[PDB]
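Structure file coords.cif; described as mmCIF, C-alpha atoms and all ligand atoms.
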data_upload
#
loop_
_atom_site.label_atom_id
_atom_site.label_comp_id
_atom_site.auth_asym_id
_atom_site.auth_seq_id
_atom_site.Cartn_x
_atom_site.Cartn_y
_atom_site.Cartn_z
CA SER A 1 9.88 2.41 0.16
CA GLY A 2 6.93 0.85 2.10
CA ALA A 3 4.69 -2.22 2.67
CA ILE A 4 1.20 -3.31 3.74
CA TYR A 5 1.17 -5.84 6.65
CA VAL A 6 -2.22 -7.69 6.71
CA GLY A 7 -2.40 -11.10 8.54
CA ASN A 8 0.70 -13.19 7.76
CA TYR A 9 1.28 -11.36 4.38
CA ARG A 10 3.67 -8.50 3.36
CA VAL A 11 2.53 -6.49 0.22
CA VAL A 12 5.41 -4.55 -1.44
CA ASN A 13 6.30 -3.13 -4.87
CA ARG A 14 7.52 -6.12 -6.99
CA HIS A 15 10.47 -3.89 -8.10
CA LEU A 16 11.48 -3.27 -4.37
CA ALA A 17 10.94 -6.89 -3.07
CA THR A 18 13.99 -8.28 -1.18
CA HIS A 19 15.82 -11.68 -1.19
CA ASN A 20 13.66 -12.76 1.80
CA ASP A 21 10.40 -11.60 0.08
CA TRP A 22 11.33 -13.73 -2.99
CA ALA A 23 12.56 -16.56 -0.62
CA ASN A 24 9.07 -16.42 1.09
CA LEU A 25 6.96 -15.64 -2.04
CA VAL A 26 3.11 -16.09 -1.95
CA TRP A 27 2.06 -14.29 -5.19
CA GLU A 28 3.70 -11.80 -7.61
CA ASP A 29 2.38 -9.98 -10.72
CA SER A 30 4.93 -7.97 -12.82
CA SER A 31 2.04 -6.27 -14.69
CA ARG A 32 0.67 -4.84 -11.32
CA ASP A 33 4.11 -4.19 -9.62
CA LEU A 34 2.90 -6.27 -6.62
CA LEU A 35 4.63 -9.00 -4.59
CA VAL A 36 2.99 -10.61 -1.55
CA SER A 37 5.38 -12.63 0.75
CA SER A 38 4.69 -14.60 4.01
CA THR A 39 5.53 -13.11 7.45
CA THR A 40 6.11 -14.84 10.84
CA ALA A 41 4.39 -11.99 12.86
CA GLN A 42 0.73 -10.94 12.21
CA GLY A 43 0.02 -7.53 10.56
CA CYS A 44 -2.71 -5.04 11.65
CA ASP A 45 -3.38 -3.21 8.30
CA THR A 46 -7.04 -3.70 7.19
CA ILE A 47 -7.44 -3.88 3.36
CA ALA A 48 -10.27 -1.65 2.05
CA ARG A 49 -13.13 -3.57 0.35
CA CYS A 50 -14.91 -0.68 -1.45
CA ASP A 51 -15.15 1.51 -4.63
CA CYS A 52 -13.86 4.74 -2.90
CA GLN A 53 -12.24 7.29 -5.31
CA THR A 54 -10.91 9.58 -2.48
CA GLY A 55 -8.21 8.89 0.11
CA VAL A 56 -4.93 10.13 1.58
CA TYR A 57 -1.50 8.83 0.49
CA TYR A 58 1.95 9.33 2.10
CA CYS A 59 4.70 10.94 -0.03
CA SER A 60 8.17 10.42 1.50
CA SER A 61 9.79 12.96 -0.97
CA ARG A 62 7.56 15.65 0.82
CA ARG A 63 7.16 13.96 4.26
CA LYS A 64 3.48 14.83 3.59
CA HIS A 65 0.03 13.14 3.59
CA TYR A 66 -2.02 14.44 0.61
CA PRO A 67 -5.78 13.97 0.26
CA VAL A 68 -6.48 12.94 -3.39
CA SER A 69 -9.11 11.94 -5.93
CA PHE A 70 -7.90 8.81 -7.83
CA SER A 71 -9.23 6.94 -10.91
CA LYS A 72 -10.71 3.40 -10.61
CA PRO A 73 -8.07 0.64 -11.20
CA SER A 74 -7.42 0.41 -15.01
CA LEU A 75 -4.82 -0.65 -17.64
CA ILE A 76 -2.64 2.50 -17.80
CA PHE A 77 0.34 3.17 -20.11
CA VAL A 78 3.37 3.93 -17.88
CA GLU A 79 6.64 5.38 -19.31
CA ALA A 80 10.01 3.56 -19.10
CA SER A 81 11.43 3.86 -15.55
CA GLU A 82 14.67 2.69 -13.83
CA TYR A 83 12.77 -0.65 -13.12
CA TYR A 84 10.34 -1.42 -16.06
CA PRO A 85 10.30 -0.60 -19.80
CA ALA A 86 7.42 1.58 -21.12
CA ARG A 87 4.33 -0.69 -20.87
CA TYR A 88 0.69 -1.05 -19.70
CA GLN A 89 0.50 -1.63 -15.92
CA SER A 90 -2.81 -3.22 -14.80
CA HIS A 91 -4.88 -2.42 -11.61
CA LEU A 92 -3.43 1.15 -11.58
CA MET A 93 -5.18 4.20 -10.05
CA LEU A 94 -3.88 7.72 -11.01
CA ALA A 95 -4.14 11.01 -9.09
CA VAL A 96 -2.75 14.53 -9.46
CA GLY A 97 0.14 14.45 -6.97
CA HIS A 98 3.93 14.30 -6.38
CA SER A 99 5.56 10.84 -6.75
CA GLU A 100 9.31 10.20 -7.16
CA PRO A 101 10.71 6.62 -7.52
CA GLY A 102 11.54 6.26 -3.78
CA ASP A 103 7.87 7.25 -2.96
CA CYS A 104 6.77 3.70 -4.08
CA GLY A 105 5.44 1.78 -1.03
CA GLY A 106 3.66 4.92 0.30
CA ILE A 107 0.13 3.83 1.40
CA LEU A 108 -3.13 5.22 -0.09
CA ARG A 109 -5.87 4.86 2.59
CA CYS A 110 -9.63 5.56 2.52
CA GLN A 111 -12.03 5.34 5.57
CA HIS A 112 -12.25 1.52 4.93
CA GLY A 113 -8.47 0.77 5.17
CA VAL A 114 -5.56 0.31 2.70
CA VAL A 115 -6.51 0.96 -1.01
CA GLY A 116 -2.95 0.37 -2.39
CA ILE A 117 0.68 1.58 -2.61
CA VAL A 118 2.55 4.12 -4.77
CA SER A 119 3.86 2.30 -7.90
CA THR A 120 4.29 5.02 -10.60
CA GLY A 121 5.06 8.74 -10.94
CA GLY A 122 5.85 11.40 -13.54
CA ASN A 123 4.09 14.32 -15.25
CA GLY A 124 2.69 15.51 -11.86
CA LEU A 125 0.69 12.27 -11.42
CA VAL A 126 1.03 9.50 -8.79
CA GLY A 127 0.11 5.84 -9.61
CA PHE A 128 -1.29 3.53 -6.88
CA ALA A 129 -1.29 -0.23 -7.40
CA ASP A 130 -4.83 -1.29 -6.22
CA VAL A 131 -4.90 -4.21 -3.66
CA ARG A 132 -8.70 -4.10 -2.90
CA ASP A 133 -9.49 -6.86 -5.51
CA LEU A 134 -7.11 -9.27 -3.58
CA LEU A 135 -9.77 -10.81 -1.22
CA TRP A 136 -7.44 -13.65 -0.08
CA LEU A 137 -5.21 -11.09 1.75
CA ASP A 138 -8.03 -11.20 4.47
CA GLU A 139 -7.94 -15.03 5.13
CA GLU A 140 -5.81 -18.26 4.94
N1 LIG A 201 -9.50 8.99 3.70
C1 LIG A 201 -8.95 8.51 4.87
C2 LIG A 201 -9.75 8.30 6.00
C3 LIG A 201 -9.18 7.86 7.18
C4 LIG A 201 -7.82 7.61 7.26
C5 LIG A 201 -7.03 7.80 6.14
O1 LIG A 201 -5.70 7.50 6.31
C6 LIG A 201 -4.72 8.34 5.67
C7 LIG A 201 -3.33 7.83 5.90
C8 LIG A 201 -2.91 7.42 7.16
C9 LIG A 201 -1.63 6.92 7.35
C10 LIG A 201 -0.77 6.81 6.29
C11 LIG A 201 -1.17 7.21 5.03
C12 LIG A 201 -2.45 7.73 4.84
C13 LIG A 201 -7.59 8.25 4.95
ZN ZN A 202 -13.08 2.95 0.93
#

Encoded form (C-alpha cells):
Amino acid sequence: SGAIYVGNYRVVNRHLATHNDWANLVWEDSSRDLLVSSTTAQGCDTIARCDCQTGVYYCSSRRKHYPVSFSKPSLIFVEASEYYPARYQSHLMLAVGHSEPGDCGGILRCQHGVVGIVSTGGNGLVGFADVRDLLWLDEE
C-alpha cells in the first residue's frame, strides 16, 4: 500500500484506488497502474523532475529501504497478476529487488524527490510506475 501527496493530488496504484479516490478522480491510466485523485489538505511530497537512474525505494514486505539502479521508463511486458492480465505496462522502471503485491505504493525517491511507486514484482525484480513525466502534478 502507499501514495504520493503533492499539492491537492493523491497518486496511488490504479489497482489499489478506493471508492473516494474514484469519487474524486482527476486522471487514471490502466496501462501505467496510476490514479490521481483530489485531496482537501495540501501534500508536501516534491515530484522529481530529472533523468536519475538511482534511488531508494521502501519495501513493506522487508520493512527496508533499498538503494537501487532502475531502468528508464519503458513499455515492459508484465505477467498476469491478481489485478491485471499479462500485458505491456507503460512508463515502467525495473530494478533488481524484492517486491510482493502488497509492496505496491512503496515510494522510489532520488535526491530530487519522488520518482514513482512500486507497481510490479516477480522474478526478483521490482517495477516502479514513473510519475516524473506528469508535470501538472506541480501546479493547478
Ligand atoms: N537517493 C535518495 C536521496 C535522498 C533521499 C532518498 O529518499 C529515500 C527514501 C526516503 C523515504 C522513503 C523511501 C525512500 C533517496
Ligand atoms: Zn533525480

Query raised in the report: When you draw a straight line from atom CA of residue 110 of chain A to atom CA of residue 62 of chain A, how long is it in Å?
Result: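 Going from atom CA of residue 110 of chain A over to atom CA of residue 62 of chain A covers 20.0 Å.
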
Query raised in the report: If you count all atoms listed in the file, which residues end up within 10 Å of ligand LIG 201 (chain A), as a PyMOL selection string?
Result: chain A and resi 52-59+64-68+106-115+117

Query raised in the report: Which residue gives the smallest distance to ligand ZN 202 (chain A) among A:7, A:102, A:2, A:116, with all atoms listed in the file counted?
Result: A:116

Report task. Mind checking which residues fall within 9 Å of residue 36 of chain A, counting all atoms listed in the file, ignoring those fewer than 2 positions away in the same chain, and posting them as a PyMOL selection string? Result -> chain A and resi 9-14+17+21+24-28+34+38+137

Requested in this report: Could you check which of A:63, A:72, A:87, A:49 is closest to ligand ZN 202 (chain A), using only C-alpha atoms and all ligand atoms?
Outcome: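 Counting only C-alpha atoms and all ligand atoms, the residue closest to ligand ZN 202 (chain A) is A:49.
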
Report summary line: atom CA of residue 69 of chain A sits from atom CA of residue 96 of chain A at a separation of 7.7 Å

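In this comparison, which uses all atoms listed in the file, the residue of A:8, A:89, A:37, A:46 approaching ligand ZN 202 (chain A) most closely is A:46.
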
Query - Distance of atom CA of residue 122 of chain A from atom CA of residue 6 of chain A, expressed in Å to one decimal place - result: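 Between these atoms lies a distance of 29.0 Å.
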
Residues of segment 6-109 of chain A within 6 Å of segment 128-133 of chain A: nearest atom pair and distance (Å, one decimal) for each, counting all atoms listed in the file, sorted by chain and number, as CSV?
residue,atom,partner,partner_atom,distance
A:48,CA,A:132,CA,5.7
A:49,CA,A:132,CA,5.5
A:91,CA,A:130,CA,5.5
A:92,CA,A:129,CA,4.9
A:93,CA,A:128,CA,5.1

Query - Best match for closeness to ligand ZN 202 (chain A) among A:45, A:51, A:82, A:33, counting all atoms listed in the file - result: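 Among A:45, A:51, A:82, A:33, it is A:51 that comes nearest to ligand ZN 202 (chain A).
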
Requested in this report: Identify the residues around (4.9, 2.5, -6.9) within a radius of 6 Å, measuring from all atoms listed in the file in the coordinates stated by the file, and give them as number ranges by chain.
Outcome: A: 104-105, 118-120

**Report entry** Using only C-alpha atoms and all ligand atoms: which of A:126, A:50, A:41, A:78 has the shortest distance to ligand ZN 202 (chain A)
**Finding:**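 Smallest distance to ligand ZN 202 (chain A) is found for A:50.
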
Report task. Could you check which of A:134, A:80, A:47, A:95 is closest to ligand ZN 202 (chain A), using only C-alpha atoms and all ligand atoms? Result -> A:47

Query raised in the report: Could you pull the residues within 6 Å of residue 94 of chain A, counting all atoms listed in the file, minus those fewer than 2 positions along the same chain, as number ranges by chain?
Result: A: 70-71, 126-127
